[PDB]
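Right, one structure below, let's go through it.
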């Protein structure tokens with residue numbers, strides 16, 4: 082539901098995130114797609130979820146926190 086932020090790319094929600102006290106994730110642009118305040122400073126705590134399938138775990142829902 083929340084992690085840390087390490088990298089933001091793409092004009093939408095692309096980049097790399099860090100789960101709470103875990104490791105690092107990835108993000109595509111449809112996980113950091115909000116209409117309030119989405120950007121990822123690359124060094125904060127976010128409010129997200131992650132799903133792992135045939136590939137690797139990526140953020141699907143990405144909000145911002147500190």
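In my numbering, the protein residues as written are 82 to 147.
Ideal placement from N, C-alpha and C gives every residue a C-beta, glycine not left out.
Round the Cβ separation of residue 125 and residue 85 to the nearest angstrom and send it over; I've been treating them as touching at under 8 Å. 7 Å
With DSSP run on the structure shown, which of helix, strand or coil describes residue 110? coil
Which whole-angstrom value describes the C-beta separation of residue 129 and residue 144, a residue pair presumed to lie in contact below a C-beta threshold of 8 Å? 7 Å
Same chain, Cβ closer than 8 Å to residue 82, five either side skipped, listed in chain order: 128, 129, 130
If you reduce the DSSP assignment to three classes, tell me which class residue 99 lands in. strand
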